[PDB]
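From first to last, the protein sequence lines are chains LT, Ly, Lq, Lx, Lr and LU.
Add 9 to a position in the first sequence, counting from 1, and you land on the number used in the authors' numbering.
Add 31 to a position in the second sequence, counting from 1, and you land on the number used in the authors' numbering.
Add 1 to a position in the third sequence, counting from 1, and you land on the number used in the authors' numbering.
Add 48 to a position in the fourth sequence, counting from 1, and you land on the number used in the authors' numbering.
Numbered per the authors' numbering, the fifth sequence spans residues 57 to 107, 119 to 222.
Add 137 to a position in the sixth sequence, counting from 1, and you land on the number used in the authors' numbering.
By construction, the Cβ of each residue, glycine as well, lies at the ideal position given by its N, Cα and C atoms.
Below: one structure, written as structure tokens.
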Amino acid sequence: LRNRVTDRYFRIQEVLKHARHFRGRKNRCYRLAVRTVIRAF
Amino acid sequence: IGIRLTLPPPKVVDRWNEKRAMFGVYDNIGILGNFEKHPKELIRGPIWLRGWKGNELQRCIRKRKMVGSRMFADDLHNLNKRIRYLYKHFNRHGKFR
Amino acid sequence: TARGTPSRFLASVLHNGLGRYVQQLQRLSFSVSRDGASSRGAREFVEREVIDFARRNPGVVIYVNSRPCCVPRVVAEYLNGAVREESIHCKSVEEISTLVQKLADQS
Amino acid sequence: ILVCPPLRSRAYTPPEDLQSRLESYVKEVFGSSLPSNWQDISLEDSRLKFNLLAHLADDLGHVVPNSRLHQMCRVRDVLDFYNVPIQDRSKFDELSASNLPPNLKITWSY
Amino acid sequence: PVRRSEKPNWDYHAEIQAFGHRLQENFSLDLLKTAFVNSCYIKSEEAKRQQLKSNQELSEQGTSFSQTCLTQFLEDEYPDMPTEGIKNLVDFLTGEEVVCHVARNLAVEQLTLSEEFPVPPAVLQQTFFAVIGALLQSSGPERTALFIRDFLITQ
Amino acid sequence: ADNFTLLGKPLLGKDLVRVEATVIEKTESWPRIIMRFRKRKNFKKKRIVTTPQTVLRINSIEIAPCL
Numbered sequence: 010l011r012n013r014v015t016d017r018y019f020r021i022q023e024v025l026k027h028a029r030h031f032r033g034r035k036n037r038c039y040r041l042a043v044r045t046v047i048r049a050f
Numbered sequence: 032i033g034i035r036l037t038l039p040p041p042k043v044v045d046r047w048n049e050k051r052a053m054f055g056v057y058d059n060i061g062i063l064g065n066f067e068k069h070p071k072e073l074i075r076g077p078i079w080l081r082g083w084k085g086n087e088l089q090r091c092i093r094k095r096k097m098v099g100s101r102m103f104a105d106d107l108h109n110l111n112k113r114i115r116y117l118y119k120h121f122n123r124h125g126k127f128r
Numbered sequence: 002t003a004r005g006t007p008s009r010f011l012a013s014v015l016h017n018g019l020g021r022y023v024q025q026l027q028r029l030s031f032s033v034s035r036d037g038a039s040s041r042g043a044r045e046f047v048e049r050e051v052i053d054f055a056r057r058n059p060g061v062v063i064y065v066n067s068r069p070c071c072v073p074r075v076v077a078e079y080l081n082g083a084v085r086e087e088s089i090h091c092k093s094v095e096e097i098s099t100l101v102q103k104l105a106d107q108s
Numbered sequence: 049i050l051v052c053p054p055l056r057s058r059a060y061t062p063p064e065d066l067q068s069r070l071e072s073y074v075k076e077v078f079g080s081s082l083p084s085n086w087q088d089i090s091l092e093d094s095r096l097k098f099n100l101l102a103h104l105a106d107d108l109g110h111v112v113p114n115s116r117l118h119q120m121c122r123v124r125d126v127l128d129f130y131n132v133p134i135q136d137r138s139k140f141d142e143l144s145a146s147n148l149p150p151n152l153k154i155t156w157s158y
Numbered sequence: 057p058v059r060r061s062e063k064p065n066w067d068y069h070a071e072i073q074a075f076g077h078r079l080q081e082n083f084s085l086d087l088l089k090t091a092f093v094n095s096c097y098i099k100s101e102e103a104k105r106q107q119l120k121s122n123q124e125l126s127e128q129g130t131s132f133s134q135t136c137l138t139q140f141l142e143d144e145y146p147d148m149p150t151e152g153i154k155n156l157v158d159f160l161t162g163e164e165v166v167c168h169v170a171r172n173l174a175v176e177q178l179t180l181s182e183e184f185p186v187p188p189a190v191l192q193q194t195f196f197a198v199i200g201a202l203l204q205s206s207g208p209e210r211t212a213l214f215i216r217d218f219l220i221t222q
Numbered sequence: 138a139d140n141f142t143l144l145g146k147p148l149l150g151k152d153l154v155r156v157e158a159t160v161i162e163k164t165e166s167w168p169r170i171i172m173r174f175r176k177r178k179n180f181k182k183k184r185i186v187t188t189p190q191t192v193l194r195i196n197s198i199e200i201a202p203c204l
């Protein structure tokens, strides 16, 4: 299993720090959050 | 959480081993030794890959042709199946014709 | 996004420019490495441009620390207690000069 | 057992009477009968070139490198090379010896 | 919170020179050092040596010039305010909050030699007025009056 | 000012009024998001800008008798 991804936490943290002040599961679940940060921008 | 909570053990590397200090030596043996010797036969490895590159299908055909006789039964069956599949894919599938 | 970020009003530090202008940059700390290919441009900046900058800004103290590091950095400390750390990793001398003059012009 | 003499520095100031020591040295190697333009005597003879450059290196403590041995075609080029000054100093010392303003401080953590 | 002296990148003489140069005043170096060193620092270092000149003259000179100078500016700009109000406006400008705010944003606190961090407000006020007295001794009444005008009328 | 004002047509005289300002800051704005998105077409673009900015302090406004 060579060449695995190791900074996926930091990518998710970028999207979630833009999603932090939301309401519901969209401030912490990456899928629902990334579908809303796009609309915010 | 797929990330380490502690630092990994330090990977110390010695740049001056036997192998690292003497990598590449004798690689000009043909052009510096009256062409008695070839780098292709300096290469050490499997007997069916010494001075020969090939793609995957050609590698499988060469392996079956060269060491297929002294090969294990299920390994030979797997190699025959792989050759059949690679023939079908390379000759029948793809974007460019 | 404005709604997810802090905000403030337009202001000066101590009514700056009324009686006199005081440069709000106080200190510049340059962490540079001797053998870093990342620190090559910072090394050229220390060789050529930091002396002229220090002469042009006598109110700013410039410390240069040559120590083994992978990412060369600059810390700008401002009179109201402000700290701004920037990476000068793999930047050329003109980009580093632009960044340092930007830090001098900032409050 | 053989003792190592200590490592020499590369700092070289050209001596003031470099012309006269070169006159002397070219008189012992190339002979007494000078061409009037002693600048343009060739160094195509490798034995005479070795004698001159070895005498100059042994006396002055500075040797021409192998990257410049082919460039030293004439004693004028040799004089130019020995007139060029080179300096050996750590560059922390160079930056300190440069006239630092009193608000610029350099630390050397090496 | 740890003072900028114990924070790593620091040199006191360079900070003093840059303080004078960024304030654009031709300070005397020894006068500024005596204006920054306090008596509590002397007592603490005496105890530490068990295990020189204070601010007081410079502080009183700077305080007295600050009172007289600010009173003169206020009663020249506003001749119709009486003595109680002029005095109280001078007390507001030389008060604890204004002087400590000005000293903190002019980095007097970083250069102040004291015993406790953060610097107590009375200590900071005394050090600021000692800086004023050092400027009065170094440059002259008109220049330090311009300094007072700037850094207190702006408040 | 109080009790009177002057109106230019469209600009007042330089002998009549001066404004004096002081460049006191040269900074940059907070990062601005420029984001494009069109649905069902895989259209998604993101850009960050920092516009330069200059803070001026208006020191004095002076008028002269020229009317």
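Excluding sequence positions up to five before and after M120 of chain Lx, its CB lies within less than 6 Å of the CB of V112 and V126, all in the same chain and listed in chain order. Pairing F103 of chain Ly with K94 of chain Ly, the inter-Cα distance amounts to about 13 Å. According to the DSSP assignment, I161 of chain LU belongs to the beta strand (DSSP E) that extends over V154 to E165. Here the region 160-174 of chain LU makes contact with the region 184-192 of chain LU; the two share three or more CB pairs at distances below 8 Å.
Each residue's CA atom was taken as its position, placing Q107 of chain Lr and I98 of chain Lr some 14 Å apart. Under the three-state reduction of DSSP, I171 of chain LU is assigned to strand.
For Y64 of chain Lq, the neighbours in chain Lx by C-beta distance under 9 Å run, in chain order, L152, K153, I154 and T155. Listed along chain Lq are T2, each with a C-beta nearer than 9 Å to that of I170 of chain LU.
Taking every protein chain shown into account, the CB of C52 of chain Lx has fewer than 16 other CB atoms within 10 angstroms, so this residue is exposed. Residues of chain LT whose Cβ lies closer than 7 Å to the Cβ of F174 of chain LU are, in chain order, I47.
Its Cα nearest to that of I114 of chain Ly, the residue Ly:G99 stands out among Ly:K126, Ly:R128 and Ly:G99.
In the three-state scheme derived from DSSP, where H, G and I count as helix and E and B as strand, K153 of chain Lx is classed as strand. In this structure, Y60 of chain Lx sits away from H118 of chain Lx, with a CB-CB distance that is not shorter than 7 Å. Secondary structure of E67 of chain Ly (DSSP, three-state): coil. In this structure, Lr:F184 is the residue among Lr:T211, Lr:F184 and Lr:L203 with its C-alpha nearest to the C-alpha of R60 of chain Lr. Looking at the backbone, the Cα of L213 of chain Lr and that of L36 of chain Ly are separated by about 59 Å.
Neighbours of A174 of chain Lr across chain Lx, judged by C-beta separation under 9 Å, do not exist; the nearest C-beta is about 14 Å away. Cβ atoms of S206 of chain Lr and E81 of chain Lr come within 8 Å of each other, at about 6 Å. Burial state of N140 of chain LU is exposed, judged by a 10 Å Cβ sphere holding fewer than 16 other Cβ atoms. Residue environment: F180 of chain LU is assigned as exposed (fewer than 16 neighbouring CB atoms within 10 Å of its CB, all protein chains considered).
Taken through DSSP and simplified to helix, strand or coil, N196 of chain LU comes out as strand. Interface residue (Cβ-Cβ distance to chain Lr less than 7 Å): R56 of chain Lq is not classified as such. For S88 of chain Lq, the enclosing beta strand (DSSP E) covers residues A83 to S88. Around the beta carbon of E176 of chain Lr, 16 or more other beta carbons lie within 10 angstroms, which makes this residue buried.
Annotated three-state conformation of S32 of chain Lq is strand, per DSSP.
When the Cα atoms are used, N122 of chain Lr and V58 of chain Lr turn out to be separated by approximately 23 Å.
With a cut-off of 8 Å on Cβ pairs, the region 24-32 of chain Lq is not in contact with the region 126-140 of chain Lx, counting fewer than three such pairs.
Of the candidates Lr:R171, Lr:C96, Lr:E127 and Lr:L219, Lr:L219 places its Cα closest to the Cα of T161 of chain Lr.
Per the DSSP secondary-structure output, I185 of chain LU pairs in a beta bridge with LU:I170. Our two residues, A49 of chain LT and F31 of chain LT, have alpha carbons roughly 11 Å apart in a direct line. Of all alpha-carbon atoms in Lr:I199, Lr:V93 and Lr:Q204, the one lying nearest the alpha-carbon of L137 of chain Lr is that of Lr:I199. In the structure shown, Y18 of chain LT falls within a helical segment according to DSSP collapsed to helix, strand and coil. Between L26 of chain Lq and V61 of chain Lq, the C-beta spacing is below 7 Å. From the listed residues Lq:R57, Lq:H90, Lq:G18 and Lq:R56, the smallest Cα separation to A38 of chain Lq is found for Lq:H90. Taking every protein chain shown into account, the CB of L191 of chain Lr has 16 or more other CB atoms within 10 angstroms, so this residue is buried. If you draw a straight line from the Cα of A145 of chain Lx to the Cα of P54 of chain Lx, it comes to about 26 Å.
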